[PDB]
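*Asks:*
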Amino acid sequence: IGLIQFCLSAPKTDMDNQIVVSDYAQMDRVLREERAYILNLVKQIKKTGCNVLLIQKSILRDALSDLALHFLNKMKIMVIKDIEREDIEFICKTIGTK
Amino acid sequence: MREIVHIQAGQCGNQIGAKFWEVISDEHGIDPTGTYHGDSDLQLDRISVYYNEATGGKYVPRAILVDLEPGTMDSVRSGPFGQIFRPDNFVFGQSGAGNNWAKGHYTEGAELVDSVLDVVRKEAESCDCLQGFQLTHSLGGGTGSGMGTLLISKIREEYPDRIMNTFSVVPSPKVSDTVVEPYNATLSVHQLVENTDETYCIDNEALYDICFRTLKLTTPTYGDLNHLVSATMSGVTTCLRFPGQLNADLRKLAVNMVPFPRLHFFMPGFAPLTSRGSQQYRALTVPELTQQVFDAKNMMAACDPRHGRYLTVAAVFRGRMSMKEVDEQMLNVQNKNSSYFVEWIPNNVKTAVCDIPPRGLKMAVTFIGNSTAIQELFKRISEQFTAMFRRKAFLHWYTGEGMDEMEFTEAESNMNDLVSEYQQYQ
Amino acid sequence: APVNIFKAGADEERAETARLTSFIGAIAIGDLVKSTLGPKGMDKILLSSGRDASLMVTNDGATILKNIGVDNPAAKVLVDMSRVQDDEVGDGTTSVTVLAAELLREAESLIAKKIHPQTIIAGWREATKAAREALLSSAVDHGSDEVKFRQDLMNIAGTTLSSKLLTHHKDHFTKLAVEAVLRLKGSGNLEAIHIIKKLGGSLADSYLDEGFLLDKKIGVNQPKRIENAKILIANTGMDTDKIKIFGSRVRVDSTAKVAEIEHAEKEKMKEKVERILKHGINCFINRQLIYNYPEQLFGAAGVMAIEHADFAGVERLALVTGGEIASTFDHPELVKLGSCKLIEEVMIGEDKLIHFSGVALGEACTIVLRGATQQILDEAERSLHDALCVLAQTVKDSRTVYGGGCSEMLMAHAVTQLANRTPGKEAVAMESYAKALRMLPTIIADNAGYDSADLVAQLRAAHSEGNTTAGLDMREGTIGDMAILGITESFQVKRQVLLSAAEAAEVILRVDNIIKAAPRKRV
Amino acid sequence: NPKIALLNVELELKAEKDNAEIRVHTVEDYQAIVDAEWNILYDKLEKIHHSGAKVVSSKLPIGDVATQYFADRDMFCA
Ligand SMILES: Nc1ncnc2c1ncn2[C@@H]1O[C@H](COP(=O)(O)OP(=O)(O)O)[C@@H](O)[C@H]1O
Ligand SMILES: [Mg+2]
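Residue numbers (the deposited numbering), protein chains in the order written: chain I, 246 to 343; chain R, 1 to 426; chain B, 7 to 529; chain H, 234 to 311.
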C-alpha cells in the first residue's frame with residue numbers, strides 16, 4: 246500500500262499556465278505528450294512494486310483523471326480516491342506507509 | 001454607430017420591457033414629448049445608439065413589442081409611458097398561445113412572423129451600423145417560447161453575422177404554473193444553443209424571498225418584482241449607454257463573457273439591495289459592493305454560487321470611484337478561494353465604470369458572469385422532462401400542431417448533452 | 007425648550023430631570039456592583055435573551071459594565087471609566103465604580119442644601135489634591151534587599167485574588183502569578199503568559215509549566231521528540247508561493263514544457279528547505295501553513311515541522327527559546343537558533359500538546375488552567391489577568407500602599423484635616439468627599455456580614471491619632487495592622503481609583519442639560 | 234513674481250490608455266518597463282520645470298509622485 250499526495254492528471258503549475266497552439270501539428274503535440282506524461286507516472290508507480298494506491302483528496306486540481314485511471318487498471322493496481330487530509334495520520338500509523 | 005434594435009417578445013417580455021425604458025428615459029434625461037434634458041456628452045452622445053432621432057427633436061425608442069394577446073400589451077399602449085413608441089411597434093395577436101410551444105410556432109407563427117420581420121426591417125433603416133439585437137422572453141410562456149424561438153431563427157436568415165444578446169426568464173424550481181413547463185423549457189433551449197451566443201437566467205419566483213427578507217416587502221407582486229430586474233437590465237447596458245474609460249460595448253461583451261460559444265448561460269445580478277427605509281442608514285464603499293455579488297444573496301436565479309466555479313467575471317460600477325481598488329480586492333479572494341475561480345486567468349474580475357449615478361441608489365454594481373450554477377438547474381428540467389415524456393403525458397397537445405415523438409427525442413438527447421457539456425470543468 | 011418644542015422626535019430636560027436622571031442612573035450602576043466588592047463579595051452571572059447568549063460569569067467590574075448595555079446617558083460615563091481602569095492597571099474597576107457613585111450619592115444630598123454645583127467641583131479639587139498627598143507620603147518603596155520584595159509581591163497577588171473566585175487557592179495561585187511575572191525578567195508585555203484553559207480536574211490541579219505548550223502537532227511521518235535540539239522558527243511561505251510578481255504567467259507552446267516548469271517549481275521549493283537544514287536544526291515552526299511537498303522533505307531529514315501555530319505564537323517561541331523570527335534563509339551565520347532539551351508531546355485533557363521542556367532564556371510562561379466547568383475557566387482567566395497586570399506594573403513602580411480599607415481612611419483623614427481649615431462654602435463639599443472615601447471600607451465590611459457601623463467608626467478613631475497602618479481585618483472581623491497581616495496594594499492602582507473617580511464625578515455633576523437626539527430604527 | 238502653468242494632463246503614475254497590455258518575455262526587459270513608467274511621468278515634470286512656472290494648476294488629479302517632486306524643487310501645485 247502506498248499513500249500518494251500527488252495529482253495524477255494533466256501538467257499544471259501554481260502559476261497561471263497556458264498552451265499556445267499556432268500550428269497544424271501542434272494539436273497533436275498536446276494530446277500525445279499528455280498521454281506520455283502520466284504514463285511516466287504510472288510506470289514509476291508500477292516499477293516500484295505496489296498494488297494499492299491511496300490518493301489524497303485534492304480540491305484545486307483533479308487528483309485522478311480519466312486518462313490516469315485507465316493505465317492503473319491495466320497494471321492490476323487497486324486505486325482508492327477521496328482520502329481526507331485529516332485521515333492521513335491514522336493511515337500512516339496503521340499500515341506503516343509514508 | 002453600433003445601433004441595437006430591441007425586441008420585447010412575449011408576455012413576460014413586455015412587463016420587463018415596460019420598466020426597461022423607464023430607466024433609460026430617466027438616466028439620459030430624454031423627455032417623452034420634448035427634446036432632451038441632458039447636461040453633457042455622458043448622456044447626449046449615446047442617444048443615437050438606442051433611439052432614432054426624428055425631425056424636430058422627438059426621440060423614438062428602437063423597440064419592438066410582440067405579443068399574442070390584445071389585453072396584455074394594452075398596458076404598454078397608454079399606460080406607464082407607453083405612448084412614446086412607434087404605432088407599427090405594437091404588433092397585436094388575436095389568437096392566444098395558450099402556454100404551448102407547438103401552437104406559437106406552427107399555428108400562430110406561420111402567419112405573424114413575416115410581419116414581425118417587417119418591423120425589424122423598418123427599424124434597421126434608421127440604423128447606420130446595426131450592432132445586434134436583444135430579446136427578452138420567458139421559457140414558461142407561450143409567446144415567449146413560441147414567438148421567441150421562431151423569431152430568433154428567422155432573424156438569422158437576414159442577419160447571419162450579427163451578435164445576439166437574449167434575455168431568458170427561467171422557470172422556478174419552487175412553484176409550478178402548469179405541467180407543460182418542462183416541455184416549453186426543453187424545446188426553447190434546444191434551438192437556443194444552436195446559433196445564439198448570449199442568454200441570461202432570471203427567476204421571478206426566486207425574487208419573492210429576496211423582497212421579503214432583504215428589500216422588506218410583506219406582500220410582493222409583479223410591480224415590485226420588475227423594479228430590481230430593471231436595475232439588472234440597466235447594469236448590463238451601462239457602458240453601452242454611457243461613455244467612459246472602460247469602453248466595452250455588446251461586441252466587446254460577446255467575446256469576454258464566454259471562452260466557449262455553447263456554454264453561454266450566465267447569472268445576472270446586482271448590488272446593493274436596500275429597502276425604502278433602511279437605504280439612507282447605510283454607507284456604500286468599494287469593497288462593500290464588490291464582495292456582495294459573489295454571495296448567494298445577490299442572485300437573480302434560484303441557484304447556489306457557493307458550490308460552483310466561475311469562468312468569466314465582469315462588473316460595472318456606478319459613480320466616480322477609484323477602480324484600482326476593485327482589482328486588488330478581488331485578487332486576494334482568488335488566492336484564498338482558488339477553488340471558486342479559474343487557475344490560469346490572472347485577472348478574472350473585469351472592471352467597468354461610468355460617471356452617471358443611478359436612480360435612488362448612490363453607488364451600485366452589477367454582476368454578469370457564467371458558472372456551473374446553470375448545470376444544477378438544467379438537471380431538474382431534464383428530470384421533469386424524462387418522467388413526463390416516458391408516460392407520454394399531454395403529447396397530443398404538441399403532436400396535434402405539427403410535432404412528433406422523434407421531435408422530443410432529439411430535444412432530450414442534446415439537452416442532456418448540455419448537462420455533460422457543463423460536467424467536464426465542474 | 008420643552009415649551010414650544012422645536013424638535014422632531016428628540017427630547018431634553020434642563021436642571022430638573024437632567025441631574026435627576028444622572029443621579030439615578032449612576033447610583034444604580036454603583037449599587038449593582040456594590041455586592042461584588044471585597045474578599046467576601048458574591049459574583050454575578052451575565053445572560054442574554056437568546057441567540058447564542060454565551061453566559062460569562064465575572065466578578066471584575068469592568069467586564070460587568072462592558073456587557074450590560076445601559077440605556078442611561080450618564081451611566082455610560084461610569085461604564086467607560088471602568089474600561090480605562092482595566093486597560094491601564096487592570097484592577098480596581100469595581101472600586102472606582104462604587105467610589106464614583108458614592109460621590110454622586112453625596113452630591114444628591116447637596117441638592118436639598120441649595121449648594122451651588124460649581125462649589126462642589128471646586129471643593130472636590132482641593133479635596134483630591136489633599137488625597138494625593140496621603141497616598142504619596144504613605145507609599146512604601148522597595149529597592150534592594152530583594153528577599154523582602156518577593157514577599158511584598160505575594161501580598162499584592164494575595165490581595166487581588168482574595169476578591170475573586172480563587173478563594174481557597176492562595177497557597178497555589180499566588181505562586182502561579184508571582185513566578186509568571188518573575189520569569190519575564192523585563193517589560194510587562196502581558197502576552198508571553200499564554201493561558202490555556204482545559205476542562206477536567208479541579209483548580210488545584212492547575213500549574214505553571216516550566217517550558218511552553220503549543221498546538222498543531224508535529225507532521226505525519228516526523229519524529230515526536232528530539233533531545234538537545236536547535237529550534238528554528240520561520241514566517242515564510244512554503245508551497246504555492248506565487249512569488250510577488252502580479253501579472254506573470256507560464257505561456258508555453260506544448261505540455262512537455264509545463265512538466266519541466268512544475269519540476270523546476272518543486273526544485274526551488276526543495277532548495278528552500280535545503281537552505282533551512284544547513285543551520286543544523288531539528289525543529290521548524292512556520293507561522294504560515296506548510297503543505298505536503300515541504301512536509302515530506304522535513305520528514306526525510308528527521309526534522310520536525312510545526313505548521314501554522316499562531317501569529318503571536320512565534321513571538322512567544324522567540325521569547326522562550328532565545329532566537330529570532332528568521333523569515334529569510336540566505337545567511338546561516340546571521341540567524342540565531344533557539345535552545346531546548348525536550349520537545350515531547352504531553353496530553354492535557356485528551357488533547358496532545360507540544361511541550362517545550364528545558365528551554366534556554368525562557369522569558370515566557372504557559373498557565374494550564376483546569377476547572378470543573380467552562381464558567382470557572384472563563385472566570386479564573388480574568389481573575390489571573392487581573393493579578394498578572396498589577397505585578398507587571400509593581401516591578402516597574404515598586405511603591406505600595408496598605409490596602410484593605412487602610413488606604414481609604416488615610417485619604418479621608420487628609421481631607422477632613424483640611425475641611426476644618428476652609429470657609430463654610432466649600433467645607434461642606436469636602437466633608438461629603440471624606441464620607442464617600444469611608445464608604446469603600448464600609449462596603450467591604452458589610453459584604454462579609456460584619457457590623458459596618460462600628461468597624462469604620464473604629465478605623466476613623468484609629469487613624470485620627472497615629473496608626474497609619476491600621477486597617478480592616480476580614481479574616482476574624484476586627485481591626486488589625488496591615489503591615490503584619492500583609493494586605494497591600496499597588497500605589498498606581500490606588501491612585502487611579504482616586505483620580506479617575508474624581509474626574510468622572512466632575513463631568514456628571516457639571517451636567518445641567520441632557521439633550522438626547524432622535525434614535526434610528528426605534529419605533 | 235510667479236508664473237502659472239494651466240494644464241489638462243494627469244500628473245499620476247497610473248496614467249493608462251485603458252487597453253495597453255505590456256507583454257514581456259525576460260526579466261531584463263521587465264525592469265525596463267517599470268523604469269519607463271517613471272521616466273514618462275518624470276519627463277513631464279521636467280517640461281514644467283526649467284520654465285519658471287512655480288505655480289501649477291490642473292483640472293486632472295496629481296498623485297504623490299509629482300506632489301513630492303515640486304516640494305523638492307520649491308514649486309507649488311494644485
Ligand atoms: N485580604 C484583604 N483584606 C482586606 N481587604 C481586602 C483584602 N483583599 C482585598 N481587599 C479589598 O477588596 C477590594 C477589591 O476591589 P476590586 O473589586 O478588586 O477592585 P477592582 O475591580 O478595581 O479591581 C480592594 O479595594 C481591597 O481593599
Ligand atoms: Mg482587585
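From the three backbone atoms N, C-alpha and C, an ideal C-beta is built for every residue, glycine too.
Cβ closer than 7 Å: which chain R residues qualify as neighbours of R526 of chain B?
*Replies:* Neighbours of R526 of chain B on chain R, chain order: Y281.
*Asks:* Report yes if the C-beta distance between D460 of chain B and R25 of chain B is below 9 Å; otherwise report no.
*Replies:* No, the pair does not count as a contact, with Cβ atoms beyond the cut-off.
*Asks:* At a Cβ threshold of 9 Å, is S254 of chain B touching chain I?
*Replies:* Yes, its Cβ sits closer than 9 Å to a Cβ of chain I.
*Asks:* Mind checking who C310 of chain H pairs with in its DSSP beta bridge?
*Replies:* Per DSSP, H:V289.
*Asks:* In chain order, which continuous runs of the beta strand (DSSP E) of length 3 or greater are located wholly inside the region 10–90 of chain B?
*Replies:* You should have 17–20, 50–52 and 62–64.
*Asks:* Going by DSSP, what residues sit across from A271 of chain R in a beta bridge?
*Replies:* Looking at the DSSP assignment, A271 of chain R forms a beta bridge with R:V365.
*Asks:* Could you tell me which residues DSSP puts in a beta bridge with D261 of chain I?
*Replies:* Note: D261 of chain I sits in a beta bridge opposite B:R255.
*Asks:* Classify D147 of chain B as helix, strand or coil using the three-state DSSP reduction.
*Replies:* Three-state result, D147 of chain B: coil.
*Asks:* Candidates B:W130, B:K223 and B:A106: which alpha carbon is nearest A435 of chain B's?
*Replies:* Answer by Cα proximity: B:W130.
*Asks:* Specify whether the region 204–214 of chain B and the region 229–243 of chain B touch according to this definition: at least 3 beta carbon pairs, one from each stretch, less than 8 Å apart.
*Replies:* No: the two stretches stay apart, fewer than three of their Cβ pairs being nearer than 8 Å.
*Asks:* For chain I, is any of its Cβ atoms less than 9 Å away from the one on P346 of chain R?
*Replies:* At least one chain I Cβ lies under 9 Å of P346 of chain R.
*Asks:* Quick one: is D327 of chain I near chain R, going by C-beta distance under 9 Å?
*Replies:* No, no contact with chain R.
*Asks:* Contact criterion: CB-CB distance below 9 Å. Does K248 of chain B meet it with respect to chain R?
*Replies:* By this cut-off, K248 of chain B is an interface position.
*Asks:* To the nearest whole angstrom, what separates the beta carbons of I35 of chain B and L109 of chain B, a pair I think is in contact under 8 Å?
*Replies:* About 13 Å; that fails the 8 Å criterion.
*Asks:* Give the single residue among R:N256, R:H6 and R:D128 whose Cα lies nearest to the Cα of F266 of chain R.
*Replies:* When only C-alpha atoms are compared, the closest one is R:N256.
*Asks:* Please indicate yes or no: does the CB of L394 of chain B lie closer than 8 Å to some heavy atom of ligand 1?
*Replies:* Every heavy atom of ligand 1 is 8 Å or more from the Cβ of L394 of chain B, so no.
*Asks:* For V407 of chain B, which of B:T165, B:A68, B:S115 and B:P45 has the nearest alpha-carbon?
*Replies:* Selected option, being the one with the closest Cα: B:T165.
*Asks:* With respect to 8 Å, is the separation between the Cβ of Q157 of chain B and the closest non-hydrogen atom of ligand 1 below this value?
*Replies:* Incorrect: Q157 of chain B has no Cβ contact closer than 8 Å to ligand 1.
*Asks:* Can you list, in chain order, the residues of the region 332–356 of chain R whose Cβ is nearer than 8 Å to any Cβ on chain I?
*Replies:* Cβ contacts with chain I come from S338, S339, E343, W344, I345 and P346.
*Asks:* Return the residue from the list B:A418, B:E512, B:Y439 and B:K527 that minimises the CA-CA distance to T474 of chain B.
*Replies:* Looking at the Cα atoms, B:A418 is the closest of the given residues.
*Asks:* Is the beta carbon of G47 of chain B within less than 8 Å of some heavy atom of ligand 2?
*Replies:* Checking the Cβ of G47 of chain B against ligand 2 gives no.
*Asks:* By Cβ distance, which residues of its chain are closer than 7 Å to residue 432 of chain R, with the 5 residues on each side in sequence left out?
*Replies:* Past the boundaries of the shown model lies residue 432 of chain R; chain R is included only from 1 to 426, so the question cannot be answered.
*Asks:* Consider the C-beta atom of residue 6 of chain B and the heavy atoms of ligand 2; say whether any pair is separated by less than 8 Å.
*Replies:* Residue coverage of chain B in this structure runs from 7 to 529, which leaves residue 6 of chain B outside it and unanswerable.
*Asks:* Is the closest heavy atom of ligand 2 to the C-beta of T42 of chain B under 8 Å?
*Replies:* No.
*Asks:* Is the distance from the Cβ of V242 of chain H to the Cβ of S291 of chain H below 9 Å?
*Replies:* Yes. Within cutoff.
*Asks:* Compare the Cα-Cα distances from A468 of chain B to each of B:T428, B:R481, B:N288 and B:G411 and report the closest residue.
*Replies:* Nearest option by C-alpha distance: B:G411.
*Asks:* What residues from chain B crowd round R274 of chain I, counting only those whose CB sits closer than 9 Å?
*Replies:* By Cβ distance, chain B contributes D259, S260, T261 and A262.
*Asks:* For the region 143–160 of chain R against the region 240–249 of chain R, do three or more pairs of beta-carbon atoms, one drawn from each stretch, fall closer than 8 Å, so that the two count as touching?
*Replies:* Touching, no.
*Asks:* Compare the C-alpha of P268 of chain R against each of R:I368, R:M321, R:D327 and R:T143 and name the closest.
*Replies:* Looking at the Cα atoms, R:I368 is the closest of the given residues.
*Asks:* Comparing alpha-carbon positions, which option in R:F92, R:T72, R:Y36 and R:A231 lies nearest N298 of chain R?
*Replies:* Checking every option, the nearest Cα to that of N298 of chain R belongs to R:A231.
*Asks:* Counting only beta-carbon atoms, is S278 of chain R nearer than 9 Å to chain B?
*Replies:* Yes, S278 of chain R lies at the interface with chain B (some Cβ there is under 9 Å from its Cβ).
*Asks:* Going along the chain, which residues of its own chain have a beta-carbon closer than 7 Å to the beta-carbon of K46 of chain B, five neighbours each way excluded?
*Replies:* The answer, listed in chain order, is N453, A454 and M480.
*Asks:* Is any non-hydrogen atom of ligand 2 found closer than 8 Å to the C-beta of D93 of chain B, if you look at the structure I gave you?
*Replies:* No, the beta carbon of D93 of chain B sits no closer than 8 Å to any heavy atom of ligand 2.
*Asks:* Does the pairing of the region 8–18 of chain R with the region 313–323 of chain B give three or more beta-carbon distances under 8 Å?
*Replies:* Touching, no, given that fewer than three Cβ pairs across the two stretches are closer than 8 Å.
*Asks:* Per DSSP, which residues does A476 of chain B bridge with? Please list them.
*Replies:* Per DSSP, B:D487.
*Asks:* Per DSSP, what are the beta-bridge partners of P61 of chain R in this structure?
*Replies:* DSSP, once it has assigned bridges, lists R:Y51 as partnering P61 of chain R.
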